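S.K.: Sharing protein-v5.tsv here; it has TSV, N, CA and C atoms.
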chain	number	residue	atom	x	y	z
A	2	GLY	N	27.71	95.17	214.14
A	2	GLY	CA	27.98	96.62	213.87
A	2	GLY	C	27.56	96.93	212.43
A	3	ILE	N	27.94	95.98	211.58
A	3	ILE	CA	27.55	96.09	210.16
A	3	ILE	C	26.04	95.99	210.16
A	4	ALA	N	25.37	96.91	209.45
A	4	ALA	CA	23.90	96.81	209.45
A	4	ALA	C	23.51	96.02	208.23
A	5	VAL	N	22.32	95.50	208.20
A	5	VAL	CA	21.75	94.74	207.07
A	5	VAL	C	20.72	95.65	206.40
A	6	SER	N	20.86	95.99	205.14
A	6	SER	CA	19.87	96.87	204.54
A	6	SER	C	18.52	96.17	204.47
A	7	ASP	N	17.47	96.97	204.55
A	7	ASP	CA	16.08	96.62	204.41
A	7	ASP	C	15.79	95.94	203.06
A	8	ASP	N	16.51	96.34	202.00
A	8	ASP	CA	16.26	95.74	200.69
A	8	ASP	C	16.65	94.24	200.81
A	9	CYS	N	17.66	93.87	201.61
A	9	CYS	CA	18.02	92.49	201.81
A	9	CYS	C	16.77	91.69	202.19
A	10	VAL	N	16.06	92.14	203.21
A	10	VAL	CA	14.85	91.58	203.72
A	10	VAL	C	13.77	91.51	202.63
A	11	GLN	N	13.71	92.66	201.99
A	11	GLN	CA	12.75	92.88	200.92
A	11	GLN	C	12.92	91.85	199.81
A	12	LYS	N	14.10	91.66	199.22
A	12	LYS	CA	14.28	90.62	198.21
A	12	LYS	C	14.06	89.23	198.80
A	13	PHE	N	14.48	89.09	200.08
A	13	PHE	CA	14.27	87.82	200.77
A	13	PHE	C	12.79	87.48	200.84
A	14	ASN	N	11.91	88.39	201.16
A	14	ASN	CA	10.48	88.24	201.30
A	14	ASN	C	9.88	87.91	199.94
A	15	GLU	N	10.43	88.45	198.86
A	15	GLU	CA	9.95	88.13	197.52
A	15	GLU	C	10.15	86.65	197.21
A	16	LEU	N	11.41	86.25	197.49
A	16	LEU	CA	11.75	84.85	197.30
A	16	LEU	C	10.84	84.02	198.21
A	17	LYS	N	10.75	84.37	199.49
A	17	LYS	CA	10.00	83.58	200.43
A	17	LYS	C	8.47	83.63	200.40
A	18	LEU	N	7.90	84.79	200.27
A	18	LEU	CA	6.48	85.01	200.31
A	18	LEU	C	5.89	84.79	198.92
A	19	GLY	N	6.54	85.24	197.86
A	19	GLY	CA	5.94	85.04	196.54
A	19	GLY	C	6.72	84.15	195.62
A	20	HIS	N	7.71	83.38	196.13
A	20	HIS	CA	8.49	82.53	195.24
A	20	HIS	C	8.92	83.32	194.01
A	21	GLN	N	9.37	84.57	194.17
A	21	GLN	CA	9.79	85.38	193.04
A	21	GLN	C	11.19	85.12	192.58
A	22	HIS	N	12.07	84.66	193.48
A	22	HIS	CA	13.45	84.43	193.08
A	22	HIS	C	13.99	83.06	193.48
A	23	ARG	N	14.85	82.48	192.66
A	23	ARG	CA	15.43	81.17	193.03
A	23	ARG	C	16.49	81.37	194.12
A	24	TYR	N	17.20	82.49	194.11
A	24	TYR	CA	18.21	82.82	195.10
A	24	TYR	C	18.49	84.32	195.07
A	25	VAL	N	19.05	84.88	196.12
A	25	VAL	CA	19.49	86.22	196.33
A	25	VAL	C	20.88	86.07	196.99
A	26	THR	N	21.83	86.83	196.47
A	26	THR	CA	23.17	86.83	197.08
A	26	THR	C	23.31	88.24	197.71
A	27	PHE	N	24.11	88.25	198.78
A	27	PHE	CA	24.37	89.41	199.58
A	27	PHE	C	25.86	89.61	199.77
A	28	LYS	N	26.28	90.87	199.76
A	28	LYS	CA	27.68	91.21	199.98
A	28	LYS	C	27.81	92.51	200.80
A	29	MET	N	29.05	92.66	201.29
A	29	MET	CA	29.40	93.86	202.03
A	29	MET	C	29.41	95.03	201.03
A	30	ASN	N	28.80	96.16	201.36
A	30	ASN	CA	28.82	97.34	200.51
A	30	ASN	C	30.25	97.85	200.42
A	31	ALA	N	30.51	98.79	199.51
A	31	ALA	CA	31.86	99.29	199.31
A	31	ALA	C	32.45	99.92	200.56
A	32	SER	N	31.60	100.49	201.39
A	32	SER	CA	31.99	101.17	202.62
A	32	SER	C	32.17	100.25	203.80
A	33	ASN	N	31.67	99.01	203.66
A	33	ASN	CA	31.77	98.03	204.74
A	33	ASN	C	30.92	98.43	205.94
A	34	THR	N	29.84	99.13	205.65
A	34	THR	CA	28.89	99.63	206.60
A	34	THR	C	27.57	98.85	206.62
A	35	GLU	N	27.28	98.19	205.52
A	35	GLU	CA	25.98	97.52	205.46
A	35	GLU	C	26.05	96.27	204.60
A	36	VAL	N	25.13	95.35	204.83
A	36	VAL	CA	25.09	94.21	203.91
A	36	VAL	C	24.01	94.54	202.86
A	37	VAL	N	24.40	94.42	201.58
A	37	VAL	CA	23.54	94.80	200.46
A	37	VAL	C	23.32	93.64	199.49
A	38	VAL	N	22.32	93.79	198.62
A	38	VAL	CA	21.97	92.80	197.61
A	38	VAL	C	22.98	92.81	196.48
A	39	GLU	N	23.49	91.64	196.13
A	39	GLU	CA	24.45	91.52	195.05
A	39	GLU	C	23.73	91.10	193.77
A	40	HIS	N	23.16	89.89	193.80
A	40	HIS	CA	22.44	89.30	192.73
A	40	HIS	C	21.09	88.71	193.16
A	41	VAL	N	20.14	88.93	192.28
A	41	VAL	CA	18.80	88.38	192.44
A	41	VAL	C	18.65	87.30	191.39
A	42	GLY	N	18.39	86.04	191.74
A	42	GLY	CA	18.27	85.03	190.64
A	42	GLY	C	16.80	84.97	190.23
A	43	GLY	N	16.44	84.84	188.97
A	43	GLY	CA	15.01	84.78	188.62
A	43	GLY	C	14.47	83.47	189.15
A	44	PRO	N	13.17	83.26	189.07
A	44	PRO	CA	12.51	82.09	189.60
A	44	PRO	C	12.96	80.77	189.03
A	45	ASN	N	13.29	80.71	187.75
A	45	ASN	CA	13.77	79.49	187.12
A	45	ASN	C	15.28	79.45	186.92
A	46	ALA	N	15.99	80.33	187.60
A	46	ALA	CA	17.46	80.37	187.48
A	46	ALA	C	18.03	79.12	188.15
A	47	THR	N	19.15	78.61	187.67
A	47	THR	CA	19.69	77.36	188.17
A	47	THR	C	20.71	77.42	189.30
A	48	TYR	N	20.94	76.22	189.86
A	48	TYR	CA	21.98	76.11	190.88
A	48	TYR	C	23.31	76.64	190.34
A	49	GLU	N	23.71	76.27	189.14
A	49	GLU	CA	24.94	76.68	188.52
A	49	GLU	C	25.02	78.20	188.32
A	50	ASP	N	23.91	78.86	188.05
A	50	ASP	CA	23.76	80.29	187.91
A	50	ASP	C	24.18	80.99	189.21
A	51	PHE	N	23.86	80.42	190.35
A	51	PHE	CA	24.30	80.95	191.63
A	51	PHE	C	25.78	80.64	191.90
A	52	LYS	N	26.16	79.38	192.01
A	52	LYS	CA	27.45	78.87	192.36
A	52	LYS	C	28.57	79.34	191.45
A	53	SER	N	28.32	79.52	190.15
A	53	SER	CA	29.33	79.93	189.22
A	53	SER	C	29.84	81.36	189.38
A	54	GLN	N	29.06	82.21	190.04
A	54	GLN	CA	29.45	83.61	190.15
A	54	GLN	C	30.01	83.93	191.53
A	55	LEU	N	30.07	82.91	192.39
A	55	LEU	CA	30.64	83.09	193.73
A	55	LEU	C	32.12	83.42	193.53
A	56	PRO	N	32.55	84.48	194.18
A	56	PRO	CA	33.94	84.94	194.06
A	56	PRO	C	34.92	83.95	194.64
A	57	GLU	N	35.97	83.53	193.95
A	57	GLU	CA	36.98	82.62	194.49
A	57	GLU	C	37.70	83.21	195.70
A	58	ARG	N	37.94	84.52	195.77
A	58	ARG	CA	38.65	85.04	196.95
A	58	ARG	C	37.92	86.13	197.73
A	59	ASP	N	36.62	85.94	197.93
A	59	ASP	CA	35.85	86.87	198.75
A	59	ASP	C	34.68	86.04	199.25
A	60	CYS	N	34.13	86.45	200.36
A	60	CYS	CA	33.02	85.81	200.99
A	60	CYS	C	31.70	86.44	200.55
A	61	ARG	N	30.64	85.65	200.70
A	61	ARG	CA	29.31	86.11	200.36
A	61	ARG	C	28.26	85.43	201.27
A	62	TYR	N	27.10	86.07	201.32
A	62	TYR	CA	25.95	85.41	201.95
A	62	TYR	C	24.96	85.06	200.82
A	63	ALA	N	24.08	84.10	201.06
A	63	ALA	CA	23.09	83.80	200.02
A	63	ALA	C	21.88	83.11	200.62
A	64	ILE	N	20.79	83.22	199.90
A	64	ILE	CA	19.59	82.46	200.25
A	64	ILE	C	19.22	81.72	198.96
A	65	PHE	N	19.16	80.39	199.02
A	65	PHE	CA	18.77	79.59	197.85
A	65	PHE	C	17.48	78.87	198.26
A	66	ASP	N	16.44	79.04	197.47
A	66	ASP	CA	15.18	78.31	197.81
A	66	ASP	C	15.37	76.93	197.19
A	67	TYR	N	15.98	75.97	197.88
A	67	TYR	CA	16.33	74.70	197.32
A	67	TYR	C	15.16	73.74	197.14
A	68	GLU	N	14.91	73.37	195.92
A	68	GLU	CA	13.79	72.51	195.52
A	68	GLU	C	14.22	71.11	195.11
A	69	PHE	N	13.49	70.08	195.55
A	69	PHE	CA	13.79	68.70	195.28
A	69	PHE	C	12.53	67.83	195.38
A	70	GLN	N	12.64	66.56	195.04
A	70	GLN	CA	11.53	65.65	195.03
A	70	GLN	C	11.80	64.56	196.08
A	71	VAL	N	10.76	64.29	196.83
A	71	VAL	CA	10.75	63.21	197.82
A	71	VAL	C	9.57	62.34	197.40
A	72	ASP	N	9.90	61.17	196.84
A	72	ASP	CA	8.83	60.31	196.37
A	72	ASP	C	7.99	60.97	195.29
A	73	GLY	N	8.59	61.73	194.38
A	73	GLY	CA	7.89	62.42	193.32
A	73	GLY	C	7.09	63.65	193.74
A	74	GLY	N	6.95	63.94	195.02
A	74	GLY	CA	6.24	65.09	195.54
A	74	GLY	C	7.26	66.23	195.67
A	75	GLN	N	6.76	67.45	195.42
A	75	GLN	CA	7.64	68.61	195.43
A	75	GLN	C	8.04	69.02	196.83
A	76	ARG	N	9.28	69.42	197.06
A	76	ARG	CA	9.77	69.93	198.34
A	76	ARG	C	10.65	71.17	198.15
A	77	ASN	N	10.64	72.09	199.11
A	77	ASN	CA	11.41	73.32	199.09
A	77	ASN	C	12.06	73.62	200.44
A	78	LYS	N	13.35	73.99	200.40
A	78	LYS	CA	14.02	74.35	201.64
A	78	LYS	C	14.69	75.71	201.51
A	79	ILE	N	14.33	76.69	202.32
A	79	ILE	CA	14.97	78.01	202.25
A	79	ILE	C	16.34	77.80	202.88
A	80	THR	N	17.39	77.79	202.07
A	80	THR	CA	18.71	77.49	202.54
A	80	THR	C	19.60	78.71	202.62
A	81	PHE	N	20.25	78.88	203.77
A	81	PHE	CA	21.17	79.98	204.04
A	81	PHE	C	22.60	79.45	203.94
A	82	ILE	N	23.30	80.17	203.04
A	82	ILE	CA	24.65	79.82	202.65
A	82	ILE	C	25.63	80.94	203.00
A	83	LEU	N	26.67	80.52	203.72
A	83	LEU	CA	27.80	81.32	204.06
A	83	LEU	C	28.95	80.81	203.17
A	84	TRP	N	29.32	81.65	202.22
A	84	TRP	CA	30.45	81.35	201.33
A	84	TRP	C	31.69	82.01	201.94
A	85	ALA	N	32.70	81.25	202.34
A	85	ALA	CA	33.87	81.86	202.97
A	85	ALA	C	35.11	81.06	202.60
A	86	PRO	N	35.48	81.17	201.33
A	86	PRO	CA	36.61	80.43	200.79
A	86	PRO	C	37.90	80.70	201.54
A	87	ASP	N	38.72	79.64	201.61
A	87	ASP	CA	40.02	79.72	202.26
A	87	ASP	C	40.93	80.82	201.78
A	88	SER	N	40.85	81.19	200.53
A	88	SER	CA	41.63	82.21	199.89
A	88	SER	C	41.18	83.62	200.17
A	89	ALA	N	39.99	83.87	200.67
A	89	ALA	CA	39.54	85.23	200.94
A	89	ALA	C	40.48	85.75	202.04
A	90	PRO	N	40.69	87.05	202.04
A	90	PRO	CA	41.56	87.69	203.02
A	90	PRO	C	40.93	87.62	204.40
A	91	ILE	N	41.78	87.68	205.42
A	91	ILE	CA	41.41	87.62	206.82
A	91	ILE	C	40.36	88.69	207.11
A	92	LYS	N	40.60	89.88	206.59
A	92	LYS	CA	39.68	91.00	206.80
A	92	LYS	C	38.28	90.58	206.35
A	93	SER	N	38.21	90.06	205.13
A	93	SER	CA	36.97	89.56	204.56
A	93	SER	C	36.33	88.51	205.43
A	94	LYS	N	37.06	87.42	205.70
A	94	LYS	CA	36.45	86.39	206.53
A	94	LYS	C	36.03	86.98	207.87
A	95	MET	N	36.79	87.88	208.49
A	95	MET	CA	36.35	88.37	209.79
A	95	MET	C	35.07	89.19	209.60
A	96	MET	N	34.93	90.06	208.61
A	96	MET	CA	33.69	90.82	208.48
A	96	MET	C	32.43	89.96	208.32
A	97	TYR	N	32.44	88.95	207.45
A	97	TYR	CA	31.23	88.14	207.23
A	97	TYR	C	30.95	87.21	208.42
A	98	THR	N	32.01	86.78	209.09
A	98	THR	CA	31.83	85.89	210.24
A	98	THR	C	31.10	86.66	211.34
A	99	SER	N	31.60	87.88	211.62
A	99	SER	CA	30.94	88.67	212.65
A	99	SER	C	29.54	89.12	212.29
A	100	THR	N	29.19	89.27	211.02
A	100	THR	CA	27.85	89.74	210.68
A	100	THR	C	26.85	88.63	210.41
A	101	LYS	N	27.29	87.38	210.29
A	101	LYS	CA	26.35	86.31	209.99
A	101	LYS	C	25.16	86.21	210.92
A	102	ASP	N	25.19	86.32	212.23
A	102	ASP	CA	24.01	86.13	213.07
A	102	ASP	C	22.97	87.23	212.85
A	103	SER	N	23.48	88.45	212.70
A	103	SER	CA	22.63	89.56	212.37
A	103	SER	C	21.83	89.33	211.09
A	104	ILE	N	22.43	88.98	209.95
A	104	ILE	CA	21.67	88.82	208.74
A	104	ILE	C	20.68	87.66	208.92
A	105	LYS	N	21.18	86.52	209.42
A	105	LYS	CA	20.35	85.36	209.60
A	105	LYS	C	19.13	85.65	210.46
A	106	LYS	N	19.34	86.35	211.57
A	106	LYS	CA	18.25	86.67	212.47
A	106	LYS	C	17.23	87.60	211.84
A	107	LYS	N	17.58	88.44	210.88
A	107	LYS	CA	16.68	89.32	210.19
A	107	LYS	C	15.94	88.62	209.05
A	108	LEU	N	16.51	87.52	208.59
A	108	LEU	CA	15.94	86.76	207.49
A	108	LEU	C	15.09	85.65	208.08
A	109	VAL	N	13.94	86.03	208.65
A	109	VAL	CA	13.04	85.09	209.30
A	109	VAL	C	12.54	83.99	208.39
A	110	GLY	N	12.71	82.72	208.72
A	110	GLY	CA	12.21	81.64	207.87
A	110	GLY	C	13.32	80.73	207.34
A	111	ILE	N	14.58	80.96	207.72
A	111	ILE	CA	15.65	80.06	207.26
A	111	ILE	C	15.37	78.65	207.77
A	112	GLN	N	15.46	77.69	206.84
A	112	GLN	CA	15.16	76.31	207.25
A	112	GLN	C	16.43	75.48	207.30
A	113	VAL	N	17.39	75.74	206.44
A	113	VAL	CA	18.66	75.01	206.36
A	113	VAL	C	19.85	75.99	206.30
A	114	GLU	N	20.97	75.66	206.95
A	114	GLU	CA	22.19	76.44	206.95
A	114	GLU	C	23.41	75.68	206.44
A	115	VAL	N	24.12	76.25	205.48
A	115	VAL	CA	25.34	75.65	204.99
A	115	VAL	C	26.48	76.68	205.05
A	116	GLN	N	27.65	76.17	205.40
A	116	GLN	CA	28.90	76.90	205.37
A	116	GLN	C	29.82	76.13	204.42
A	117	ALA	N	30.42	76.81	203.45
A	117	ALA	CA	31.28	76.22	202.47
A	117	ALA	C	32.56	77.02	202.25
A	118	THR	N	33.68	76.33	202.24
A	118	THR	CA	34.97	76.98	202.07
A	118	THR	C	35.60	76.64	200.73
A	119	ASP	N	34.98	75.77	199.95
A	119	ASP	CA	35.56	75.47	198.64
A	119	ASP	C	34.55	74.88	197.67
A	120	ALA	N	35.09	74.41	196.58
A	120	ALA	CA	34.35	73.87	195.45
A	120	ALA	C	33.53	72.64	195.82
A	121	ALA	N	34.04	71.66	196.53
A	121	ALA	CA	33.23	70.51	196.92
A	121	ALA	C	32.08	70.89	197.86
A	122	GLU	N	32.38	71.76	198.82
A	122	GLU	CA	31.47	72.21	199.84
A	122	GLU	C	30.32	73.05	199.31
A	123	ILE	N	30.47	73.81	198.26
A	123	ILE	CA	29.40	74.61	197.68
A	123	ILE	C	28.86	73.86	196.45
A	124	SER	N	29.13	72.56	196.30
A	124	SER	CA	28.65	71.81	195.15
A	124	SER	C	27.15	71.57	195.35
A	125	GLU	N	26.42	71.31	194.28
A	125	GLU	CA	24.99	71.02	194.47
A	125	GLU	C	24.84	69.79	195.34
A	126	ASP	N	25.71	68.83	195.08
A	126	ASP	CA	25.75	67.59	195.85
A	126	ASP	C	25.78	67.80	197.34
A	127	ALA	N	26.75	68.62	197.79
A	127	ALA	CA	26.84	68.86	199.24
A	127	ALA	C	25.68	69.69	199.72
A	128	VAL	N	25.19	70.64	198.89
A	128	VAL	CA	24.09	71.45	199.43
A	128	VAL	C	22.77	70.70	199.48
A	129	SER	N	22.43	69.91	198.50
A	129	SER	CA	21.18	69.15	198.56
A	129	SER	C	21.23	68.13	199.69
A	130	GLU	N	22.42	67.53	199.90
A	130	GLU	CA	22.56	66.55	200.99
A	130	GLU	C	22.08	67.21	202.27
A	131	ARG	N	22.54	68.44	202.54
A	131	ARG	CA	22.10	69.18	203.70
A	131	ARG	C	20.61	69.53	203.59
A	132	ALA	N	20.17	70.00	202.43
A	132	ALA	CA	18.77	70.40	202.26
A	132	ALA	C	17.78	69.26	202.42
A	133	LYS	N	18.08	68.08	201.86
A	133	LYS	CA	17.17	66.96	202.04
A	133	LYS	C	17.25	66.38	203.45
A	134	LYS	N	18.13	66.81	204.32
A	134	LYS	CA	18.26	66.43	205.70
A	134	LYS	C	19.51	65.57	205.97
Here is the file; what I need is its structure written in the form of structure tokens.

M.R.:
Amino acid sequence: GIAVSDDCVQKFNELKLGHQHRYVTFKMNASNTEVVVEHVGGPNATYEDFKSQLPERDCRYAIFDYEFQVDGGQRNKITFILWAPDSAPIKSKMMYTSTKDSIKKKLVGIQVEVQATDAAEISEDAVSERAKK
């Protein structure tokens, strides 16, 4: 029911098609009618730059273009992150849970999916483990 704004796609395509952003975060608009862009990370922005601003008691969506080395060769995984901390209100968790397939399906090209409910789960450690396979 919640719609996904076109700009969501648009920033996503920048990250994906032109490697313009390291990550894009998405949140429910004030009206709870659409999913909108929260933060755009620049191309050299860090993992900590993303993870540190995640709200302790609210949910978020994100796309992190996760980069790593396999035998010294460069690798990239477009990773889709569902942030849904245990402390977020029921209303919050229900809204993002119901809208996740819609956003994901519009964000063509997702290679890896992570769901995290706390600090260990959204750690770089846990996310790269998933990203490297």

S.K.: So how far away is atom C of residue 132 (chain A) from CA of residue 70 (chain A), in Å?

M.R.: 10.3 Å

S.K.: Per residue of region 64-120 of chain A within 5 Å of region 19-40 of chain A, which atom pair is closest and at what distance in Å (one decimal), using all atoms listed in the file, listed by chain and increasing number, as a Markdown table?

M.R.:
| residue | atom | partner | partner_atom | distance |
| --- | --- | --- | --- | --- |
| A:64 | N | A:25 | C | 4.1 |
| A:65 | CA | A:24 | CA | 4.3 |
| A:66 | N | A:23 | C | 4.1 |

S.K.: Let me see the file: selected residues, N, CA and C atoms, as an mmCIF file, in the frame of the given file.

M.R.:
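Result written to out.cif:
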data_model
loop_
_atom_site.group_PDB
_atom_site.id
_atom_site.type_symbol
_atom_site.label_atom_id
_atom_site.label_comp_id
_atom_site.auth_asym_id
_atom_site.auth_seq_id
_atom_site.Cartn_x
_atom_site.Cartn_y
_atom_site.Cartn_z
ATOM 1 N N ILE A 64 20.790 83.220 199.900
ATOM 2 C CA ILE A 64 19.590 82.460 200.250
ATOM 3 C C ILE A 64 19.220 81.720 198.960
ATOM 4 N N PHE A 65 19.160 80.390 199.020
ATOM 5 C CA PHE A 65 18.770 79.590 197.850
ATOM 6 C C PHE A 65 17.480 78.870 198.260
ATOM 7 N N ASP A 66 16.440 79.040 197.470
ATOM 8 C CA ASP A 66 15.180 78.310 197.810
ATOM 9 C C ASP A 66 15.370 76.930 197.190
#

S.K.: Where does DSSP see helix (DSSP H, G or I) in chain A, if you list the residues as an MDAnalysis selection string?

M.R.: chainID A and resid 7:19 48:52 91:107 125:132

S.K.: Could you check which of A:82, A:75, A:100, A:15 is closest to residue 127 (chain A), using only C-alpha atoms?

M.R.: A:82

S.K.: Give me, please, the distance in Å between CA of residue 44 (chain A) and atom C of residue 16 (chain A), quoted to one decimal.

M.R.: 9.0 Å

S.K.: Tell me which protein, DNA and RNA residues are within 9 Å of residue 83 (chain A), counting only C-alpha atoms, leaving out same-chain ones fewer than 2 positions away, and put them as a ChimeraX atom specification.

M.R.: /A:60-63,81,85,97-98,101,114-118

S.K.: Could you tell me which of A:10, A:120, A:18, A:3 comes closest to residue 99 (chain A) if we count all atoms listed in the file?

M.R.: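 For residue 99 (chain A), the nearest of the candidates is A:3.
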
S.K.: What's the separation between CA of residue 129 (chain A) and CA of residue 59 (chain A), in Å to one decimal place?

M.R.: 23.0 Å

S.K.: Where's the centre, and what are the edge lengths in Å to one decimal, of a box along x, y and z enclosing all listed atoms of region 62-70 of chain A padded 4 Å per side, as JSON?

M.R.:
{"center_x": 19.3, "center_y": 75.3, "center_z": 198.5, "size_x": 23.6, "size_y": 29.5, "size_z": 14.9}

S.K.: Please extract the residues of region 3-134 of chain A with a backbone DSSP assignment of strand (DSSP E or B) and present them as a ChimeraX atom specification.

M.R.: /A:4-5,24-29,35-41,61-71,74-84,113-117

S.K.: Residues of the last selection are to be written out with N, CA and C atoms, as a short mmCIF file (atom, residue, chain, number, x, y, z; two decimals), in the coordinates of the input.

M.R.:
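Just written: out_16.cif:
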data_model
loop_
_atom_site.label_atom_id
_atom_site.label_comp_id
_atom_site.auth_asym_id
_atom_site.auth_seq_id
_atom_site.Cartn_x
_atom_site.Cartn_y
_atom_site.Cartn_z
N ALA A 4 25.37 96.91 209.45
CA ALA A 4 23.90 96.81 209.45
C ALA A 4 23.51 96.02 208.23
N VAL A 5 22.32 95.50 208.20
CA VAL A 5 21.75 94.74 207.07
C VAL A 5 20.72 95.65 206.40
N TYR A 24 17.20 82.49 194.11
CA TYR A 24 18.21 82.82 195.10
C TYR A 24 18.49 84.32 195.07
N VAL A 25 19.05 84.88 196.12
CA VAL A 25 19.49 86.22 196.33
C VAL A 25 20.88 86.07 196.99
N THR A 26 21.83 86.83 196.47
CA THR A 26 23.17 86.83 197.08
C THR A 26 23.31 88.24 197.71
N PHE A 27 24.11 88.25 198.78
CA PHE A 27 24.37 89.41 199.58
C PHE A 27 25.86 89.61 199.77
N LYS A 28 26.28 90.87 199.76
CA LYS A 28 27.68 91.21 199.98
C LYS A 28 27.81 92.51 200.80
N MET A 29 29.05 92.66 201.29
CA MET A 29 29.40 93.86 202.03
C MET A 29 29.41 95.03 201.03
N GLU A 35 27.28 98.19 205.52
CA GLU A 35 25.98 97.52 205.46
C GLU A 35 26.05 96.27 204.60
N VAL A 36 25.13 95.35 204.83
CA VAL A 36 25.09 94.21 203.91
C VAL A 36 24.01 94.54 202.86
N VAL A 37 24.40 94.42 201.58
CA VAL A 37 23.54 94.80 200.46
C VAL A 37 23.32 93.64 199.49
N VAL A 38 22.32 93.79 198.62
CA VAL A 38 21.97 92.80 197.61
C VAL A 38 22.98 92.81 196.48
N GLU A 39 23.49 91.64 196.13
CA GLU A 39 24.45 91.52 195.05
C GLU A 39 23.73 91.10 193.77
N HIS A 40 23.16 89.89 193.80
CA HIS A 40 22.44 89.30 192.73
C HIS A 40 21.09 88.71 193.16
N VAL A 41 20.14 88.93 192.28
CA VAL A 41 18.80 88.38 192.44
C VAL A 41 18.65 87.30 191.39
N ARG A 61 30.64 85.65 200.70
CA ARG A 61 29.31 86.11 200.36
C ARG A 61 28.26 85.43 201.27
N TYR A 62 27.10 86.07 201.32
CA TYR A 62 25.95 85.41 201.95
C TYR A 62 24.96 85.06 200.82
N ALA A 63 24.08 84.10 201.06
CA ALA A 63 23.09 83.80 200.02
C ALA A 63 21.88 83.11 200.62
N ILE A 64 20.79 83.22 199.90
CA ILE A 64 19.59 82.46 200.25
C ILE A 64 19.22 81.72 198.96
N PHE A 65 19.16 80.39 199.02
CA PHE A 65 18.77 79.59 197.85
C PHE A 65 17.48 78.87 198.26
N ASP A 66 16.44 79.04 197.47
CA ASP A 66 15.18 78.31 197.81
C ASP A 66 15.37 76.93 197.19
N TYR A 67 15.98 75.97 197.88
CA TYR A 67 16.33 74.70 197.32
C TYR A 67 15.16 73.74 197.14
N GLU A 68 14.91 73.37 195.92
CA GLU A 68 13.79 72.51 195.52
C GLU A 68 14.22 71.11 195.11
N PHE A 69 13.49 70.08 195.55
CA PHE A 69 13.79 68.70 195.28
C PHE A 69 12.53 67.83 195.38
N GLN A 70 12.64 66.56 195.04
CA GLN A 70 11.53 65.65 195.03
C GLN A 70 11.80 64.56 196.08
N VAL A 71 10.76 64.29 196.83
CA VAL A 71 10.75 63.21 197.82
C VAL A 71 9.57 62.34 197.40
N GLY A 74 6.95 63.94 195.02
CA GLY A 74 6.24 65.09 195.54
C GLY A 74 7.26 66.23 195.67
N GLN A 75 6.76 67.45 195.42
CA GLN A 75 7.64 68.61 195.43
C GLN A 75 8.04 69.02 196.83
N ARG A 76 9.28 69.42 197.06
CA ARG A 76 9.77 69.93 198.34
C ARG A 76 10.65 71.17 198.15
N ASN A 77 10.64 72.09 199.11
CA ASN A 77 11.41 73.32 199.09
C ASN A 77 12.06 73.62 200.44
N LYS A 78 13.35 73.99 200.40
CA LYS A 78 14.02 74.35 201.64
C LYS A 78 14.69 75.71 201.51
N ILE A 79 14.33 76.69 202.32
CA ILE A 79 14.97 78.01 202.25
C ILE A 79 16.34 77.80 202.88
N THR A 80 17.39 77.79 202.07
CA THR A 80 18.71 77.49 202.54
C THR A 80 19.60 78.71 202.62
N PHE A 81 20.25 78.88 203.77
CA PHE A 81 21.17 79.98 204.04
C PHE A 81 22.60 79.45 203.94
N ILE A 82 23.30 80.17 203.04
CA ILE A 82 24.65 79.82 202.65
C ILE A 82 25.63 80.94 203.00
N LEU A 83 26.67 80.52 203.72
CA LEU A 83 27.80 81.32 204.06
C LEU A 83 28.95 80.81 203.17
N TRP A 84 29.32 81.65 202.22
CA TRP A 84 30.45 81.35 201.33
C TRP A 84 31.69 82.01 201.94
N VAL A 113 17.39 75.74 206.44
CA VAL A 113 18.66 75.01 206.36
C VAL A 113 19.85 75.99 206.30
N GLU A 114 20.97 75.66 206.95
CA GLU A 114 22.19 76.44 206.95
C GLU A 114 23.41 75.68 206.44
N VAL A 115 24.12 76.25 205.48
CA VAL A 115 25.34 75.65 204.99
C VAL A 115 26.48 76.68 205.05
N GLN A 116 27.65 76.17 205.40
CA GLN A 116 28.90 76.90 205.37
C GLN A 116 29.82 76.13 204.42
N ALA A 117 30.42 76.81 203.45
CA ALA A 117 31.28 76.22 202.47
C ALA A 117 32.56 77.02 202.25
#

S.K.: Got a sec: who's within 7 Å of residue 111 (chain A), counting only N, CA and C atoms, leaving out chain neighbours fewer than 6 positions off, as a PyMOL selection string?

M.R.: chain A and resi 78-81

S.K.: Starting from the incomplete input, reconstruct N, CA, C and O atoms of region 110-115 of chain A and write that as a PDB file, in the coordinates of the input.

M.R.:
ATOM      1  N   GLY A 110      12.710  82.720 208.720  1.00  0.00           N
ATOM      2  CA  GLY A 110      12.210  81.640 207.870  1.00  0.00           C
ATOM      3  C   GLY A 110      13.320  80.730 207.340  1.00  0.00           C
ATOM      4  O   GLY A 110      13.016  79.789 206.626  1.00  0.00           O
ATOM      5  N   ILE A 111      14.580  80.960 207.720  1.00  0.00           N
ATOM      6  CA  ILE A 111      15.650  80.060 207.260  1.00  0.00           C
ATOM      7  C   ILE A 111      15.370  78.650 207.770  1.00  0.00           C
ATOM      8  O   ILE A 111      15.076  78.413 208.928  1.00  0.00           O
ATOM      9  N   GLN A 112      15.460  77.690 206.840  1.00  0.00           N
ATOM     10  CA  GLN A 112      15.160  76.310 207.250  1.00  0.00           C
ATOM     11  C   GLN A 112      16.430  75.480 207.300  1.00  0.00           C
ATOM     12  O   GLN A 112      16.473  74.551 208.105  1.00  0.00           O
ATOM     13  N   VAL A 113      17.390  75.740 206.440  1.00  0.00           N
ATOM     14  CA  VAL A 113      18.660  75.010 206.360  1.00  0.00           C
ATOM     15  C   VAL A 113      19.850  75.990 206.300  1.00  0.00           C
ATOM     16  O   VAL A 113      19.777  77.055 205.691  1.00  0.00           O
ATOM     17  N   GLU A 114      20.970  75.660 206.950  1.00  0.00           N
ATOM     18  CA  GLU A 114      22.190  76.440 206.950  1.00  0.00           C
ATOM     19  C   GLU A 114      23.410  75.680 206.440  1.00  0.00           C
ATOM     20  O   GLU A 114      23.761  74.627 206.995  1.00  0.00           O
ATOM     21  N   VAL A 115      24.120  76.250 205.480  1.00  0.00           N
ATOM     22  CA  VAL A 115      25.340  75.650 204.990  1.00  0.00           C
ATOM     23  C   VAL A 115      26.480  76.680 205.050  1.00  0.00           C
ATOM     24  O   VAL A 115      26.292  77.877 204.797  1.00  0.00           O
TER      25      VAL A 115
END
